[PDB]
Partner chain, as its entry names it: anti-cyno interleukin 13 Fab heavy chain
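Form deposited without the partner chain, single chain, as structure tokens, below.
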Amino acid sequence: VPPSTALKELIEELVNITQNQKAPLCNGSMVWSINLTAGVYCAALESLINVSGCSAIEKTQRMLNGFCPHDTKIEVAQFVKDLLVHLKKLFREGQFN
């Protein structure tokens, strides 16, 4: 899958979560916010790595694993929103095209 396909599918899924899953996500799990010194896909994978068996984020984790083959603890719903906003900003900032 091309970089454009990777981003489109990930963004669509994140939008789906924010609109269609009830907060709190993953039984009130908390995760570290994304490490901005790292690659975005790998950083996102790392943030979610310790959440197991949460069906809400399962597809996101699956996608992130494929895209990454090699400051505050926050709720998962917040993490999902922040990741989505961060990816939109990166796109508006010409980092993908």
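Positions refer to the first chain, counted from 1. Between two forms, the rigid core is defined as the largest C-alpha subset superposing within 1.5 Å.
Not pictured, yet referred to below: the form solved in complex with the partner chain.
S.K.: Name the residue from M63, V31, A43, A56 that puts a heavy atom within 4.5 Å of the partner chain in the bound PDB entry.
M.R.: Checked against the cut-off, the match is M63.
S.K.: Please tell me whether any heavy atom belonging to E9 falls inside 4.5 Å of a heavy atom of the partner chain, as the geometry stands in the bound PDB entry.
M.R.: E9: yes, in contact with the partner chain in the bound PDB entry.
S.K.: Is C68 one of the residues lying within 4.5 Å of the partner chain in the bound PDB entry, judged by heavy atom distances?
M.R.: Result yes; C68 sits at the interface with the partner chain in the bound PDB entry.
S.K.: Does the C-alpha of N35 move 2 Å or more between the shown form and the other one once the rigid core is lined up?
M.R.: Comparing the forms between the shown form and the other one, which are aligned on their rigid core, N35 does shift its C-alpha by 2 Å or more.
S.K.: Please check whether, in the bound PDB entry, the CA atoms of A38 and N50 lie closer or farther apart than here, given a change of 3 Å or more.
M.R.: Relative to the shown form, the pair is farther apart.
S.K.: Which way does the C-alpha gap of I49 and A38 go in the bound PDB entry, closer or farther, given it changes by 3 angstroms or more?
M.R.: Compared with the shown chain, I49-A38 is farther in the bound PDB entry.
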